[PDB]
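Shown next: target-v8.cif, containing mmCIF, N, CA and C atoms; chains and numbers go by the auth columns.
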data_input
#
loop_
_atom_site.group_PDB
_atom_site.id
_atom_site.type_symbol
_atom_site.label_atom_id
_atom_site.label_comp_id
_atom_site.label_asym_id
_atom_site.label_seq_id
_atom_site.Cartn_x
_atom_site.Cartn_y
_atom_site.Cartn_z
_atom_site.B_iso_or_equiv
_atom_site.auth_seq_id
_atom_site.auth_asym_id
ATOM 1 N N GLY A 1 -10.369 -26.308 5.258 0.00 1 K
ATOM 2 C CA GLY A 1 -9.840 -25.435 4.199 0.00 1 K
ATOM 3 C C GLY A 1 -10.983 -24.871 3.373 0.00 1 K
ATOM 4 N N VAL A 2 -10.644 -24.322 2.203 0.00 2 K
ATOM 5 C CA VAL A 2 -11.652 -23.739 1.310 0.00 2 K
ATOM 6 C C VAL A 2 -12.257 -22.562 2.053 0.00 2 K
ATOM 7 N N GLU A 3 -11.495 -21.479 2.017 0.00 3 K
ATOM 8 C CA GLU A 3 -11.858 -20.212 2.666 0.00 3 K
ATOM 9 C C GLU A 3 -12.180 -20.389 4.152 0.00 3 K
ATOM 10 N N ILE A 4 -11.135 -20.222 4.953 0.00 4 K
ATOM 11 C CA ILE A 4 -11.275 -20.354 6.407 0.00 4 K
ATOM 12 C C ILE A 4 -11.494 -18.964 6.993 0.00 4 K
ATOM 13 N N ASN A 5 -12.293 -18.879 8.045 0.00 5 K
ATOM 14 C CA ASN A 5 -12.549 -17.577 8.669 0.00 5 K
ATOM 15 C C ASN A 5 -11.483 -17.373 9.738 0.00 5 K
ATOM 16 N N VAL A 6 -10.549 -16.456 9.494 0.00 6 K
ATOM 17 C CA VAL A 6 -9.477 -16.197 10.472 0.00 6 K
ATOM 18 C C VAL A 6 -9.198 -14.701 10.444 0.00 6 K
ATOM 19 N N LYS A 7 -9.819 -14.127 9.439 0.00 7 K
ATOM 20 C CA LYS A 7 -9.716 -12.680 9.177 0.00 7 K
ATOM 21 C C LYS A 7 -8.246 -12.326 8.973 0.00 7 K
ATOM 22 N N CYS A 8 -7.834 -12.192 7.724 0.00 8 K
ATOM 23 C CA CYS A 8 -6.429 -11.867 7.476 0.00 8 K
ATOM 24 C C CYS A 8 -6.062 -10.401 7.598 0.00 8 K
ATOM 25 N N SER A 9 -4.796 -10.187 7.286 0.00 9 K
ATOM 26 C CA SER A 9 -4.225 -8.846 7.330 0.00 9 K
ATOM 27 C C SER A 9 -3.253 -8.771 6.166 0.00 9 K
ATOM 28 N N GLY A 10 -3.352 -9.791 5.337 0.00 10 K
ATOM 29 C CA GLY A 10 -2.481 -9.865 4.167 0.00 10 K
ATOM 30 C C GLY A 10 -2.271 -11.308 3.734 0.00 10 K
ATOM 31 N N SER A 11 -1.966 -11.493 2.459 0.00 11 K
ATOM 32 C CA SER A 11 -1.735 -12.857 1.956 0.00 11 K
ATOM 33 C C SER A 11 -0.579 -13.640 2.649 0.00 11 K
ATOM 34 N N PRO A 12 0.630 -13.165 3.061 0.00 12 K
ATOM 35 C CA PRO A 12 1.604 -14.060 3.720 0.00 12 K
ATOM 36 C C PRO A 12 1.185 -14.613 5.094 0.00 12 K
ATOM 37 N N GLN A 13 0.223 -13.978 5.770 0.00 13 K
ATOM 38 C CA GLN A 13 -0.226 -14.469 7.075 0.00 13 K
ATOM 39 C C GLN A 13 -1.305 -15.542 6.853 0.00 13 K
ATOM 40 N N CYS A 14 -1.861 -15.617 5.648 0.00 14 K
ATOM 41 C CA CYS A 14 -2.884 -16.619 5.368 0.00 14 K
ATOM 42 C C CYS A 14 -2.152 -17.903 5.055 0.00 14 K
ATOM 43 N N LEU A 15 -1.122 -17.726 4.225 0.00 15 K
ATOM 44 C CA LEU A 15 -0.249 -18.814 3.776 0.00 15 K
ATOM 45 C C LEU A 15 0.148 -19.800 4.866 0.00 15 K
ATOM 46 N N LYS A 16 0.888 -19.270 5.834 0.00 16 K
ATOM 47 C CA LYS A 16 1.370 -20.063 6.985 0.00 16 K
ATOM 48 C C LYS A 16 0.348 -21.040 7.640 0.00 16 K
ATOM 49 N N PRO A 17 -0.872 -20.722 8.118 0.00 17 K
ATOM 50 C CA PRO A 17 -1.730 -21.750 8.711 0.00 17 K
ATOM 51 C C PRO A 17 -2.573 -22.489 7.677 0.00 17 K
ATOM 52 N N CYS A 18 -2.694 -21.955 6.465 0.00 18 K
ATOM 53 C CA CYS A 18 -3.510 -22.664 5.470 0.00 18 K
ATOM 54 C C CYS A 18 -2.683 -23.784 4.855 0.00 18 K
ATOM 55 N N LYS A 19 -1.364 -23.628 4.853 0.00 19 K
ATOM 56 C CA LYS A 19 -0.492 -24.662 4.288 0.00 19 K
ATOM 57 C C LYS A 19 -0.227 -25.731 5.348 0.00 19 K
ATOM 58 N N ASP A 20 -0.470 -25.396 6.621 0.00 20 K
ATOM 59 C CA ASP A 20 -0.261 -26.348 7.713 0.00 20 K
ATOM 60 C C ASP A 20 -1.547 -27.124 7.919 0.00 20 K
ATOM 61 N N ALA A 21 -2.588 -26.461 7.485 0.00 21 K
ATOM 62 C CA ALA A 21 -3.926 -27.038 7.578 0.00 21 K
ATOM 63 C C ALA A 21 -3.950 -28.217 6.613 0.00 21 K
ATOM 64 N N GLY A 22 -3.488 -27.967 5.395 0.00 22 K
ATOM 65 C CA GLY A 22 -3.458 -29.027 4.379 0.00 22 K
ATOM 66 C C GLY A 22 -3.703 -28.486 2.974 0.00 22 K
ATOM 67 N N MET A 23 -3.837 -27.176 2.849 0.00 23 K
ATOM 68 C CA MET A 23 -4.080 -26.588 1.528 0.00 23 K
ATOM 69 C C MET A 23 -2.790 -26.314 0.762 0.00 23 K
ATOM 70 N N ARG A 24 -2.928 -25.820 -0.466 0.00 24 K
ATOM 71 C CA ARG A 24 -1.739 -25.528 -1.266 0.00 24 K
ATOM 72 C C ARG A 24 -1.259 -24.122 -0.933 0.00 24 K
ATOM 73 N N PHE A 25 -1.295 -23.282 -1.935 0.00 25 K
ATOM 74 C CA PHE A 25 -0.854 -21.898 -1.750 0.00 25 K
ATOM 75 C C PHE A 25 -1.918 -21.067 -1.058 0.00 25 K
ATOM 76 N N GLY A 26 -1.478 -19.932 -0.537 0.00 26 K
ATOM 77 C CA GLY A 26 -2.382 -19.019 0.171 0.00 26 K
ATOM 78 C C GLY A 26 -2.612 -17.722 -0.588 0.00 26 K
ATOM 79 N N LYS A 27 -3.760 -17.121 -0.329 0.00 27 K
ATOM 80 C CA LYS A 27 -4.084 -15.863 -1.001 0.00 27 K
ATOM 81 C C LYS A 27 -5.259 -15.238 -0.265 0.00 27 K
ATOM 82 N N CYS A 28 -5.046 -14.078 0.343 0.00 28 K
ATOM 83 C CA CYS A 28 -6.159 -13.455 1.060 0.00 28 K
ATOM 84 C C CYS A 28 -7.102 -12.780 0.077 0.00 28 K
ATOM 85 N N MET A 29 -8.384 -12.871 0.380 0.00 29 K
ATOM 86 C CA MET A 29 -9.390 -12.261 -0.484 0.00 29 K
ATOM 87 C C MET A 29 -10.553 -11.851 0.408 0.00 29 K
ATOM 88 N N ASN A 30 -10.944 -10.581 0.289 0.00 30 K
ATOM 89 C CA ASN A 30 -12.056 -10.026 1.080 0.00 30 K
ATOM 90 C C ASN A 30 -11.872 -10.175 2.588 0.00 30 K
ATOM 91 N N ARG A 31 -10.650 -9.928 3.058 0.00 31 K
ATOM 92 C CA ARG A 31 -10.328 -10.040 4.485 0.00 31 K
ATOM 93 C C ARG A 31 -10.561 -11.474 4.972 0.00 31 K
ATOM 94 N N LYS A 32 -10.151 -12.461 4.183 0.00 32 K
ATOM 95 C CA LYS A 32 -10.358 -13.840 4.617 0.00 32 K
ATOM 96 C C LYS A 32 -9.403 -14.736 3.847 0.00 32 K
ATOM 97 N N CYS A 33 -8.616 -15.542 4.542 0.00 33 K
ATOM 98 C CA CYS A 33 -7.692 -16.408 3.829 0.00 33 K
ATOM 99 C C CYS A 33 -8.336 -17.480 2.989 0.00 33 K
ATOM 100 N N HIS A 34 -8.197 -17.228 1.714 0.00 34 K
ATOM 101 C CA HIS A 34 -8.732 -18.139 0.708 0.00 34 K
ATOM 102 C C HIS A 34 -7.502 -18.932 0.318 0.00 34 K
ATOM 103 N N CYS A 35 -7.645 -20.203 -0.033 0.00 35 K
ATOM 104 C CA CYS A 35 -6.450 -20.968 -0.419 0.00 35 K
ATOM 105 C C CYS A 35 -6.858 -21.886 -1.566 0.00 35 K
ATOM 106 N N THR A 36 -5.877 -22.421 -2.274 0.00 36 K
ATOM 107 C CA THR A 36 -6.198 -23.302 -3.402 0.00 36 K
ATOM 108 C C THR A 36 -6.321 -24.782 -2.959 0.00 36 K
ATOM 109 N N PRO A 37 -7.438 -25.521 -3.036 0.00 37 K
ATOM 110 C CA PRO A 37 -7.442 -26.915 -2.588 0.00 37 K
ATOM 111 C C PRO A 37 -6.883 -27.847 -3.651 0.00 37 K
ATOM 112 N N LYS A 38 -6.778 -29.113 -3.286 0.00 38 K
ATOM 113 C CA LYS A 38 -6.253 -30.095 -4.232 0.00 38 K
ATOM 114 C C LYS A 38 -7.253 -30.274 -5.364 0.00 38 K
#
Would you write the structure of this file as structure tokens?
Amino acid sequence: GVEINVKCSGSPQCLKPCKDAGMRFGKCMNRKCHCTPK
């Protein structure tokens, strides 16, 4: 987690694998899924 390189296309597509990964909420930033850690 903590900014994974997957290259997003929007914040709802980041959400789905970042929340399965183990992070909290999702939020794309600079074409990269950034997420909030614990």
Pull the strand (DSSP E or B) assignments for chain K out of DSSP run on the backbone, and list those residues as a VMD selection string. chain K and resid 26 to 28 33 to 35
Name the residues in contact with region 24-32 of chain K at a cut-off of 7 Å, using only C-alpha atoms, excluding same-chain residues fewer than 6 positions from it; report them as number ranges by chain. K: 3-11, 14-15, 18
Dump as a PDB file, keeping the file's coordinate frame, selection limited to N, CA and C atoms:
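Result written to again-v2.pdb:
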ATOM      1  N   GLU K   3     -11.495 -21.479   2.017  1.00  0.00           N
ATOM      2  CA  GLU K   3     -11.858 -20.212   2.666  1.00  0.00           C
ATOM      3  C   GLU K   3     -12.180 -20.389   4.152  1.00  0.00           C
ATOM      4  N   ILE K   4     -11.135 -20.222   4.953  1.00  0.00           N
ATOM      5  CA  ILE K   4     -11.275 -20.354   6.407  1.00  0.00           C
ATOM      6  C   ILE K   4     -11.494 -18.964   6.993  1.00  0.00           C
ATOM      7  N   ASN K   5     -12.293 -18.879   8.045  1.00  0.00           N
ATOM      8  CA  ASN K   5     -12.549 -17.577   8.669  1.00  0.00           C
ATOM      9  C   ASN K   5     -11.483 -17.373   9.738  1.00  0.00           C
ATOM     10  N   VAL K   6     -10.549 -16.456   9.494  1.00  0.00           N
ATOM     11  CA  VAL K   6      -9.477 -16.197  10.472  1.00  0.00           C
ATOM     12  C   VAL K   6      -9.198 -14.701  10.444  1.00  0.00           C
ATOM     13  N   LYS K   7      -9.819 -14.127   9.439  1.00  0.00           N
ATOM     14  CA  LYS K   7      -9.716 -12.680   9.177  1.00  0.00           C
ATOM     15  C   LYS K   7      -8.246 -12.326   8.973  1.00  0.00           C
ATOM     16  N   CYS K   8      -7.834 -12.192   7.724  1.00  0.00           N
ATOM     17  CA  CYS K   8      -6.429 -11.867   7.476  1.00  0.00           C
ATOM     18  C   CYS K   8      -6.062 -10.401   7.598  1.00  0.00           C
ATOM     19  N   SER K   9      -4.796 -10.187   7.286  1.00  0.00           N
ATOM     20  CA  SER K   9      -4.225  -8.846   7.330  1.00  0.00           C
ATOM     21  C   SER K   9      -3.253  -8.771   6.166  1.00  0.00           C
ATOM     22  N   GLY K  10      -3.352  -9.791   5.337  1.00  0.00           N
ATOM     23  CA  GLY K  10      -2.481  -9.865   4.167  1.00  0.00           C
ATOM     24  C   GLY K  10      -2.271 -11.308   3.734  1.00  0.00           C
ATOM     25  N   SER K  11      -1.966 -11.493   2.459  1.00  0.00           N
ATOM     26  CA  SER K  11      -1.735 -12.857   1.956  1.00  0.00           C
ATOM     27  C   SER K  11      -0.579 -13.640   2.649  1.00  0.00           C
ATOM     28  N   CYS K  14      -1.861 -15.617   5.648  1.00  0.00           N
ATOM     29  CA  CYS K  14      -2.884 -16.619   5.368  1.00  0.00           C
ATOM     30  C   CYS K  14      -2.152 -17.903   5.055  1.00  0.00           C
ATOM     31  N   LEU K  15      -1.122 -17.726   4.225  1.00  0.00           N
ATOM     32  CA  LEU K  15      -0.249 -18.814   3.776  1.00  0.00           C
ATOM     33  C   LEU K  15       0.148 -19.800   4.866  1.00  0.00           C
ATOM     34  N   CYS K  18      -2.694 -21.955   6.465  1.00  0.00           N
ATOM     35  CA  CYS K  18      -3.510 -22.664   5.470  1.00  0.00           C
ATOM     36  C   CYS K  18      -2.683 -23.784   4.855  1.00  0.00           C
TER      37      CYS K  18
END
To test your reading of the syntax: which residues would the PyMOL selection byres ((chain K and resi 23) around 7) return for the file shown? Reply as a ChimeraX atom specification. /K:1-2,17-22,24-26,35-38
Report the residues of chain K whose backbone DSSP state falls under helix (DSSP H, G or I), written as a ChimeraX atom specification. /K:11-21
